[PDB]
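Here the structure is laid out as structure tokens; the discussion comes afterwards.
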Amino acid sequence: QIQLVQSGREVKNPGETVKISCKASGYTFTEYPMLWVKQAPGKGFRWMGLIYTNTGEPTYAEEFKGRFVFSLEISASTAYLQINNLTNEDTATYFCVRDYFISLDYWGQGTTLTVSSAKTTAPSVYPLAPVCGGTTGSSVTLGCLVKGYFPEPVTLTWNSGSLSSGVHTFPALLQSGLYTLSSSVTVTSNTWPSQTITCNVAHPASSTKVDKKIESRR
Amino acid sequence: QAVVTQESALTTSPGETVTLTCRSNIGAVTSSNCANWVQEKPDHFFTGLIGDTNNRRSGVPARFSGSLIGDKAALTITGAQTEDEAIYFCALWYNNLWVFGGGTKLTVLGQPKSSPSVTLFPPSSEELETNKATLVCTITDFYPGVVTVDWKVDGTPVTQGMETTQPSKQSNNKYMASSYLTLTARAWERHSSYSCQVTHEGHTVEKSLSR
Amino acid sequence: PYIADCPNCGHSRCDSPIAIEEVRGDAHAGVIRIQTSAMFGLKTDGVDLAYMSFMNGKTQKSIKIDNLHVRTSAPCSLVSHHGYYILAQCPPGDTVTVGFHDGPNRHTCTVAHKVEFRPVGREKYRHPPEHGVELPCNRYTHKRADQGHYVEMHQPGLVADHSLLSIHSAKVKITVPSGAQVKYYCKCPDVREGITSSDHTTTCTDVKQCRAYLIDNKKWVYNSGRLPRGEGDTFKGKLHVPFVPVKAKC
């Protein structure tokens, strides 16, 4: 019914601008305005303002009057947050939210911004296959290591997303100035290596797409 | 210019009745503050529970009810469930803006313990072609969500080279984490026995590779 | 039953529903025709002229007439009521002073008006006798079945009601009577018209900087000078006067 799906997470060096979209589904856009909330890493939840999706007038919280600008692609049921002249202390997650029932009833997924200086490094995608010997159980765990990229984000799927059950994707972590991510997938021992299992990785900032099929070590 | 205050953490057991409160620094909370209660489950997952003090969002179990008790807004979970373990935030309206509380971390007894599922992978060969080798130790489906990961190259506790992520909550409400041990193409070829040891709710699990 | 600003409402200028306009001490028979802003007569719906509907709140109160008092220099005598309007036999008086008793409160209304009663004739009495000749005086009727004139009675304008503007625990919270039309915004920038059910107020907080209005034009009013215009239109509602001045022989 109601889905507010947000854009993916960006990386931006200080000074830049970002436009975060919020695409609304399930309600009539026009009778319910949008709340923009900032949940800062430590600090907790904060109201950034509200936009009248009918007239188009924004209210900003005083903390947010200035670099922040709400707007909407009415026509497509999108509300957008734009933060100009990005300050380093704006790294946090921003949620869109529907104001209804004397409060807020639905929250989006969040779009996380990491304001940070750094060039652009494409990831190296490495297959993780089991040890050279044996590996005999009722199931089997394969993996995919996405190493050394910048900036965030990368997306990772298994078999173009048709294999989602039994998957653990591990949050990217910064190490020596670069991000590293990994994912595991577990399937029955009959599936692999009988049927092909492929790691799909995209790094938008570098226009890098890598498809890596997990092959047996021998 | 108003400060909403909430309990920091509350622990209950499945089947109990627990009350969370929301206090305003300016005065008693009243119906014109339209108390809202929001729940945050792991993965930055938000849902609204109650609005306008006592209106339950649609599709929110009835075990949840809101009200004003004394001079504060309250959320009562009647028959708390294991699934209710999350962070609950209250929001209060103040004539022109919203102020959110700090949130209450609620813990509910349930989810029998679960041992981790550990897997250690060898450096792939395309990567050994870079003059680098990274052993990945993945640990998933463990609960409670706290582990100790220790690496041991050739019998000797490695102590530099490793990085272990922080336990992240999976969907089923169990946790995961991975640890990396980066060697050089060369360090790789030198030593011969690698092992990733994971300690969880007292049992140990060692996964060793042999080059 | 309209409500307006009585000038010396016991203490001082209140807003009484029985706010007195159009005092007419212009006849001869000891009688004055008065208009309260209150519409006594039948109830809200259908029964019994001798009941009593004034405004309490935004709301009427269509109940019994039990203890009406028109008075002047002395207590007057009621003659008849119909609509907004009462006829009462009064003596002369520098003022006119009206009031019922709801039961918990006196709740009267008073006004200035030069009153006299010359009877028609070369005798300058102060009061009508029991006897003497009959001759053509000017006087108002007892009755209601009356059309000889009609005064314009179109809509009310809005009215204030800050009982509406409650607080939504941090924001100022407007509500509605019955789905009536509440015309709303605050000094800050928020919702600018207000044609709504119960709204909140995102921007402002203080009750004292907002538009608590009631466009509730389901029933017209008398076009009192102490009415704010309904800015939209001259709605219909041409409505008679009962108490026509007639050629009674006092």
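Identifiers in this document derive from the order of the structure tokens: chains are assigned A, B, ..., residues are numbered from 1 separately in each chain, and ligands are numbered from 1 in order of occurrence.
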
Write down, as a tab-separated table (two decimals) with C-alpha atoms, in the first residue's frame, each residue of chain A that has any atom within 6 Å of an atom of chain B, counting only C-alpha atoms.
```
chain	number	residue	atom	x	y	z
A	44	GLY	CA	18.85	10.67	17.49
A	45	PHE	CA	15.85	11.98	15.48
A	46	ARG	CA	15.22	15.62	14.46
A	47	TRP	CA	12.35	17.28	12.44
A	101	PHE	CA	-3.25	10.97	11.85
A	102	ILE	CA	-2.07	13.86	14.05
A	103	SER	CA	1.54	12.67	13.69
A	105	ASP	CA	2.37	7.27	10.06
A	106	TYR	CA	4.85	5.99	7.50
A	107	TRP	CA	8.62	6.51	7.30
A	128	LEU	CA	35.04	-16.47	-2.42
```

Inset, instruction - Compute the set of chain C residues within 7 Å of chain B, using only C-alpha atoms, and express it as a ChimeraX atom specification. - result: /C:166-173,201-206

Inset, instruction - Pull out every residue of chain A sitting within 12 Å of chain C, counting only C-alpha atoms, and send them as number ranges by chain. - result: A: 33-35, 47, 49-62, 99-103

Resulting file, chosen residues, N, CA, C and O atoms, as a short mmCIF file (atom, residue, chain, number, x, y, z; two decimals), in the first residue's frame:
```
data_model
loop_
_atom_site.label_atom_id
_atom_site.label_comp_id
_atom_site.auth_asym_id
_atom_site.auth_seq_id
_atom_site.Cartn_x
_atom_site.Cartn_y
_atom_site.Cartn_z
N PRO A 33 1.16 15.85 3.19
CA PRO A 33 2.43 16.50 2.98
C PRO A 33 3.56 15.67 3.55
O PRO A 33 3.27 14.72 4.30
N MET A 34 4.81 16.12 3.34
CA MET A 34 6.04 15.40 3.71
C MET A 34 6.96 16.03 4.70
O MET A 34 7.36 17.19 4.53
N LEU A 35 7.31 15.20 5.67
CA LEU A 35 8.17 15.51 6.79
C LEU A 35 9.55 15.12 6.43
O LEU A 35 9.66 14.03 5.87
N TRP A 47 13.24 16.83 13.51
CA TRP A 47 12.35 17.28 12.44
C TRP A 47 13.08 18.36 11.64
O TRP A 47 13.59 19.33 12.21
N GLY A 49 11.53 19.86 8.88
CA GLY A 49 10.49 20.72 8.33
C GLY A 49 9.39 19.88 7.70
O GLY A 49 9.36 18.66 7.89
N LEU A 50 8.51 20.52 6.94
CA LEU A 50 7.37 19.88 6.32
C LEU A 50 7.05 20.66 5.04
O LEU A 50 7.24 21.88 4.92
N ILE A 51 6.60 19.94 4.02
CA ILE A 51 6.23 20.59 2.77
C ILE A 51 4.77 20.22 2.45
O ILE A 51 4.30 19.06 2.52
N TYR A 52 4.04 21.30 2.18
CA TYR A 52 2.65 21.22 1.79
C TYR A 52 2.61 20.70 0.36
O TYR A 52 2.67 21.47 -0.60
N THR A 53 2.47 19.42 0.13
CA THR A 53 2.43 18.89 -1.21
C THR A 53 1.24 19.34 -2.03
O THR A 53 1.06 18.91 -3.17
N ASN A 54 0.41 20.21 -1.48
CA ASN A 54 -0.73 20.71 -2.20
C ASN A 54 -0.36 22.04 -2.84
O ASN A 54 -0.29 22.15 -4.06
N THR A 55 -0.04 23.06 -2.03
CA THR A 55 0.39 24.40 -2.48
C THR A 55 1.85 24.43 -3.01
O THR A 55 2.24 25.19 -3.90
N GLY A 56 2.64 23.57 -2.36
CA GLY A 56 4.08 23.56 -2.49
C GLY A 56 4.77 24.38 -1.37
O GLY A 56 5.99 24.40 -1.44
N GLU A 57 4.21 25.06 -0.33
CA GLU A 57 5.03 25.80 0.65
C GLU A 57 5.74 24.94 1.66
O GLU A 57 5.07 24.14 2.34
N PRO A 58 7.06 25.09 1.81
CA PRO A 58 7.87 24.48 2.83
C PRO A 58 7.97 25.20 4.15
O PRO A 58 8.02 26.43 4.19
N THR A 59 8.10 24.45 5.23
CA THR A 59 8.38 25.02 6.53
C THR A 59 9.77 24.45 6.81
O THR A 59 10.04 23.28 6.50
N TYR A 60 10.71 25.20 7.36
CA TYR A 60 11.99 24.62 7.70
C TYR A 60 12.08 24.66 9.18
O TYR A 60 11.44 25.50 9.83
N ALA A 61 12.74 23.71 9.80
CA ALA A 61 13.01 23.88 11.22
C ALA A 61 14.03 25.02 11.30
O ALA A 61 14.79 25.17 10.35
N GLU A 62 14.15 25.85 12.34
CA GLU A 62 15.14 26.93 12.33
C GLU A 62 16.54 26.38 12.10
O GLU A 62 17.25 26.88 11.25
N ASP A 99 2.88 12.91 6.91
CA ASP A 99 2.21 13.45 8.06
C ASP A 99 0.74 13.13 7.94
O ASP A 99 0.08 13.60 7.01
N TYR A 100 0.21 12.39 8.89
CA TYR A 100 -1.21 12.00 8.86
C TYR A 100 -1.58 11.43 10.21
O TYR A 100 -0.70 10.97 10.96
N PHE A 101 -2.86 11.43 10.52
CA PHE A 101 -3.25 10.97 11.85
C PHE A 101 -2.58 11.68 12.99
O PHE A 101 -2.16 10.99 13.94
N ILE A 102 -2.53 13.02 12.94
CA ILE A 102 -2.07 13.86 14.05
C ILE A 102 -0.63 13.53 14.44
O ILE A 102 -0.23 13.73 15.58
N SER A 103 0.13 13.04 13.46
CA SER A 103 1.54 12.67 13.69
C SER A 103 2.22 12.24 12.39
O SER A 103 2.02 12.83 11.34
#
```

Legend entry - atom CA of residue C:51 to atom CA of residue C:128, distance in Å rounded to a single decimal: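 Atom CA of residue C:128 lies 29.8 Å from atom CA of residue C:51.
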
Legend entry - 6 Å contact set for stretch 123-127 of chain A, only C-alpha atoms, chain neighbours under 4 positions out, as an NGL selection string: :A and (144-149 or 214)

Inset, instruction - Measure the distance from atom CA of residue B:104 to atom CA of residue B:76 in Å and round it to one decimal. - result: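 Straight-line distance from atom CA of residue B:104 to atom CA of residue B:76 works out to 12.8 Å.
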
Going by DSSP on the backbone, which residues of stretch 146-215 of chain A come out as helix (DSSP H, G or I)? List them as a PDB file with N, CA, C and O atoms, in the first residue's frame.
```
ATOM      1  N   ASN A 159      22.875 -13.454  -8.518  1.00  0.00           N
ATOM      2  CA  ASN A 159      22.122 -13.905  -9.689  1.00  0.00           C
ATOM      3  C   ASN A 159      21.088 -12.878 -10.145  1.00  0.00           C
ATOM      4  O   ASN A 159      19.915 -13.205 -10.333  1.00  0.00           O
ATOM      5  N   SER A 160      21.540 -11.633 -10.294  1.00  0.00           N
ATOM      6  CA  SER A 160      20.698 -10.524 -10.738  1.00  0.00           C
ATOM      7  C   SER A 160      19.543 -10.229  -9.783  1.00  0.00           C
ATOM      8  O   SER A 160      18.582  -9.549 -10.144  1.00  0.00           O
ATOM      9  N   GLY A 161      19.644 -10.735  -8.556  1.00  0.00           N
ATOM     10  CA  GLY A 161      18.635 -10.477  -7.547  1.00  0.00           C
ATOM     11  C   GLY A 161      17.601 -11.579  -7.402  1.00  0.00           C
ATOM     12  O   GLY A 161      16.748 -11.512  -6.518  1.00  0.00           O
ATOM     13  N   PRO A 204      28.453   3.129  -8.859  1.00  0.00           N
ATOM     14  CA  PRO A 204      27.953   4.236  -9.683  1.00  0.00           C
ATOM     15  C   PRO A 204      28.966   5.355  -9.874  1.00  0.00           C
ATOM     16  O   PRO A 204      29.082   5.890 -10.977  1.00  0.00           O
ATOM     17  N   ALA A 205      29.697   5.700  -8.817  1.00  0.00           N
ATOM     18  CA  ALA A 205      30.655   6.801  -8.869  1.00  0.00           C
ATOM     19  C   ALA A 205      31.755   6.603  -9.910  1.00  0.00           C
ATOM     20  O   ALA A 205      32.301   7.575 -10.422  1.00  0.00           O
ATOM     21  N   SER A 206      32.078   5.348 -10.224  1.00  0.00           N
ATOM     22  CA  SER A 206      33.121   5.050 -11.211  1.00  0.00           C
ATOM     23  C   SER A 206      32.572   4.409 -12.484  1.00  0.00           C
ATOM     24  O   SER A 206      33.340   4.059 -13.378  1.00  0.00           O
TER      25      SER A 206
END
```

Legend entry - Selection near residue A:94, 9 Å with only C-alpha atoms, sequence-local residues under 3 positions removed, as a list in words: residues 20, 36, 37, 38, 39, 40, 81, 108, 109, 110, 111, 112 and 113 of chain A

Legend entry - Residues flagged strand (DSSP E or B) by DSSP in stretch 70-249 of chain C, as a VMD selection string: chain C and resid 70 to 71 75 77 to 82 85 to 89 93 to 99 108 to 115 136 139 to 140 150 to 152 160 166 to 167 172 to 173 181 186 210 213 215 238 to 240 245 to 246 249

With N, CA and C atoms retained, could you export that selection as a short mmCIF file (atom, residue, chain, number, x, y, z; two decimals), in the first residue's frame?
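Everything below was put into selection38.cif:
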```cif
data_model
loop_
_atom_site.label_atom_id
_atom_site.label_comp_id
_atom_site.auth_asym_id
_atom_site.auth_seq_id
_atom_site.Cartn_x
_atom_site.Cartn_y
_atom_site.Cartn_z
N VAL C 70 -37.58 43.10 30.52
CA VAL C 70 -37.34 44.44 29.98
C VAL C 70 -37.58 45.42 31.11
N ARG C 71 -36.81 46.49 31.12
CA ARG C 71 -37.12 47.55 32.06
C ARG C 71 -36.44 48.84 31.64
N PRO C 75 -39.69 48.84 35.95
CA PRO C 75 -39.86 47.59 35.20
C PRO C 75 -41.01 47.69 34.22
N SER C 77 -43.59 46.07 31.11
CA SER C 77 -44.46 44.92 30.94
C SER C 77 -44.26 44.40 29.53
N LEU C 78 -43.90 43.13 29.43
CA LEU C 78 -43.88 42.45 28.15
C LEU C 78 -45.24 42.55 27.49
N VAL C 79 -45.24 42.63 26.16
CA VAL C 79 -46.46 42.54 25.36
C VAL C 79 -46.46 41.28 24.51
N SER C 80 -45.41 41.07 23.73
CA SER C 80 -45.27 39.85 22.95
C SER C 80 -43.90 39.83 22.32
N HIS C 81 -43.42 38.62 22.05
CA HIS C 81 -42.18 38.41 21.32
C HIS C 81 -42.46 37.64 20.04
N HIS C 82 -41.66 37.93 19.01
CA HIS C 82 -41.68 37.17 17.77
C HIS C 82 -40.35 37.37 17.07
N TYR C 85 -37.46 39.88 18.08
CA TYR C 85 -38.10 41.14 18.38
C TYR C 85 -39.11 40.97 19.49
N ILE C 86 -39.15 41.93 20.40
CA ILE C 86 -40.08 41.94 21.51
C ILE C 86 -40.80 43.27 21.55
N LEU C 87 -42.08 43.22 21.89
CA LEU C 87 -42.87 44.39 22.22
C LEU C 87 -43.16 44.37 23.71
N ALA C 88 -43.02 45.52 24.34
CA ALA C 88 -43.18 45.61 25.79
C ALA C 88 -43.72 46.98 26.15
N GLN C 89 -44.65 46.99 27.09
CA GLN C 89 -45.23 48.23 27.57
C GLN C 89 -44.32 48.80 28.65
N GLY C 93 -38.32 56.65 30.08
CA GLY C 93 -37.04 56.36 30.67
C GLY C 93 -35.91 56.91 29.83
N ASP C 94 -34.90 57.46 30.50
CA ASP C 94 -33.73 57.94 29.79
C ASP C 94 -33.03 56.82 29.03
N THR C 95 -33.12 55.60 29.54
CA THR C 95 -32.44 54.44 28.98
C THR C 95 -33.45 53.35 28.65
N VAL C 96 -32.91 52.22 28.20
CA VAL C 96 -33.64 50.97 28.11
C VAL C 96 -32.72 49.88 28.60
N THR C 97 -33.28 48.95 29.36
CA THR C 97 -32.50 47.99 30.13
C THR C 97 -33.24 46.66 30.10
N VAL C 98 -32.63 45.68 29.44
CA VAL C 98 -33.28 44.42 29.11
C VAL C 98 -32.54 43.28 29.79
N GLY C 99 -33.25 42.20 30.06
CA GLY C 99 -32.58 41.03 30.58
C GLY C 99 -33.49 39.92 31.03
N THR C 108 -27.97 40.09 31.62
CA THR C 108 -28.85 41.14 31.12
C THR C 108 -28.14 41.96 30.06
N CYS C 109 -28.87 42.91 29.47
CA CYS C 109 -28.27 43.88 28.57
C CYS C 109 -29.03 45.19 28.60
N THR C 110 -28.28 46.28 28.48
CA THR C 110 -28.79 47.60 28.76
C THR C 110 -28.26 48.55 27.71
N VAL C 111 -28.95 49.68 27.54
CA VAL C 111 -28.67 50.58 26.42
C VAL C 111 -29.25 51.94 26.73
N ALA C 112 -28.70 52.96 26.08
CA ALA C 112 -29.27 54.30 26.10
C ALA C 112 -30.32 54.44 25.02
N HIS C 113 -31.44 55.06 25.37
CA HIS C 113 -32.39 55.54 24.39
C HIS C 113 -33.40 56.48 25.04
N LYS C 114 -33.57 57.65 24.45
CA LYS C 114 -34.54 58.60 24.94
C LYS C 114 -35.94 58.06 24.69
N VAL C 115 -36.69 57.87 25.77
CA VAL C 115 -38.04 57.33 25.70
C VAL C 115 -39.00 58.34 26.31
N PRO C 136 -57.30 58.31 17.55
CA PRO C 136 -56.38 57.50 16.74
C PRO C 136 -54.92 57.60 17.12
N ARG C 139 -49.33 52.78 17.48
CA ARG C 139 -49.14 51.69 18.41
C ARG C 139 -48.79 50.44 17.62
N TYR C 140 -48.12 49.51 18.28
CA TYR C 140 -47.72 48.25 17.69
C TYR C 140 -48.67 47.14 18.09
N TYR C 150 -40.58 44.33 5.85
CA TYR C 150 -39.58 43.29 6.05
C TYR C 150 -38.21 43.94 5.99
N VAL C 151 -37.35 43.50 6.88
CA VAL C 151 -35.98 43.98 6.95
C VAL C 151 -35.08 42.92 6.34
N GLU C 152 -34.00 43.38 5.71
CA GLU C 152 -32.99 42.48 5.19
C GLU C 152 -32.40 41.68 6.33
N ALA C 160 -15.39 34.98 16.22
CA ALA C 160 -14.25 34.44 16.93
C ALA C 160 -14.67 33.28 17.79
N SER C 166 -6.98 24.96 20.46
CA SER C 166 -6.31 24.22 21.52
C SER C 166 -4.84 24.05 21.12
N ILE C 167 -4.13 23.15 21.81
CA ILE C 167 -2.72 22.88 21.54
C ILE C 167 -2.57 21.39 21.26
N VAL C 172 -0.41 24.79 17.93
CA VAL C 172 -1.76 25.27 18.20
C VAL C 172 -2.73 24.53 17.29
N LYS C 173 -3.79 24.02 17.89
CA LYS C 173 -4.67 23.02 17.31
C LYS C 173 -6.07 23.61 17.19
N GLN C 181 -17.10 25.66 8.68
CA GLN C 181 -16.03 26.20 7.85
C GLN C 181 -15.20 27.17 8.68
N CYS C 186 -2.02 31.81 10.76
CA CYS C 186 -1.44 32.51 11.90
C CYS C 186 -0.51 33.58 11.37
N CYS C 210 -3.41 33.69 15.82
CA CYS C 210 -4.05 32.80 14.86
C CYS C 210 -5.50 33.19 14.64
N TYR C 213 -11.86 31.34 13.48
CA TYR C 213 -13.01 31.87 12.77
C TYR C 213 -14.05 30.77 12.58
N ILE C 215 -17.03 30.45 9.88
CA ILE C 215 -17.99 30.65 8.80
C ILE C 215 -19.02 29.54 8.96
N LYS C 238 -34.55 37.83 3.09
CA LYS C 238 -35.52 38.88 3.36
C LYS C 238 -36.55 38.35 4.34
N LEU C 239 -36.73 39.07 5.45
CA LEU C 239 -37.52 38.56 6.56
C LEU C 239 -38.35 39.68 7.17
N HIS C 240 -39.61 39.36 7.47
CA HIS C 240 -40.62 40.32 7.86
C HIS C 240 -40.28 40.99 9.17
N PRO C 245 -46.19 49.25 13.19
CA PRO C 245 -46.99 50.30 13.82
C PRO C 245 -48.34 50.40 13.13
N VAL C 246 -49.40 50.31 13.92
CA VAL C 246 -50.76 50.26 13.41
C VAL C 246 -51.57 51.39 14.02
N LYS C 249 -56.80 52.65 18.09
CA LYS C 249 -57.38 53.71 18.90
C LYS C 249 -57.04 53.36 20.33
#
```

Inset, instruction - Kindly give the distance, in Å, that separates atom CA of residue B:114 and atom CA of residue B:193, rounded to a single decimal. - result: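 We find that atom CA of residue B:114 and atom CA of residue B:193 lie 28.2 Å from each other.
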
Legend entry - Test item: residues at most 10 Å from residue A:27, only C-alpha atoms, excluding those fewer than 5 positions along its chain, as an MDAnalysis selection string: chainID A and resid 1:3 32 77 98

Please produce a file of those selected residues containing C-alpha atoms, as an mmCIF file, in the first residue's frame.
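Heads up, here's the output in part_32.cif:
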```cif
data_model
loop_
_atom_site.group_PDB
_atom_site.id
_atom_site.type_symbol
_atom_site.label_atom_id
_atom_site.label_comp_id
_atom_site.auth_asym_id
_atom_site.auth_seq_id
_atom_site.Cartn_x
_atom_site.Cartn_y
_atom_site.Cartn_z
ATOM 1 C CA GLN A 1 0.000 0.000 0.000
ATOM 2 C CA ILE A 2 2.077 3.036 1.074
ATOM 3 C CA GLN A 3 5.760 2.819 0.106
ATOM 4 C CA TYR A 32 -0.637 14.349 2.658
ATOM 5 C CA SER A 77 4.772 11.893 -6.517
ATOM 6 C CA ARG A 98 4.026 11.123 5.679
#
```

Legend entry - Contact residues around residue C:101 with only C-alpha atoms at 10 Å, ignoring same-chain residues under 4 positions, as a PyMOL selection string: chain C and resi 65-69+105-108

Legend entry - Polymer residues at most 10 Å from residue B:82, only C-alpha atoms, same-chain spacing of 4 or more positions, as a ChimeraX atom specification: /B:12-15,86,107-111,173

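Nearest residue to residue A:207, choosing from A:129, A:174, A:122, A:86 and counting only C-alpha atoms: A:122.
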